[PDB]
């Protein structure tokens, strides 16, 4: 929703050195329903022109829109597939970690995301497919900001504060 989102997501995810970030925004037609707003992909794949490395994120979004009708799906790493399949998710009120972050107003820091119970995290199998161990959601700018990484990161609210400062620049 907010201005310069794609770039702010890029700056923040690159600074904290995590695998990706997503901004989940509230549907303009369905109150309380979250959908994929924007994202930055910072993970593995198999410059003065693109200092923020935005290209792969753009190509992954392009591919998603193609498939949902430059990159071919056979080219994608496990983590890229995770990032792309996230674009298909929509969360009802209180559903999943994004819906729960919106509804309860507090960060949710999920460790062992690959094996999280379905009542807590609706993407555990998908995370397991990409060895995505840590997912954090927090309410932000009227939506929910999600960051994820393949590393196990012990809970550290300074990571969330770092992201927030890079947005409220």
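Numbering follows the first chain given and starts at 1.
Count the deposited residues lacking coordinates between residue 28 and residue 29 and you get none at all.
Going from residue 119 to residue 120, you skip over nothing: the modelled chain follows the deposited sequence without a break. When the C-alpha B-factors of 100 to 108 and 32 to 40 are averaged, 32 to 40 comes out higher. Of the two segments, 73 to 81 and 91 to 99, the one listed with the higher mean B-factor is 73 to 81 (C-alpha atoms only). Of the candidates 134, 131, 124, 68, the one whose C-alpha carries the top B factor in the deposited record is 68. Per-chain ranking of the deposited C-alpha B factor places residue 1 in the highest third.
Among the modelled residues of the chain, residue 166 sits in the middle third by CA temperature factor in this PDB entry.
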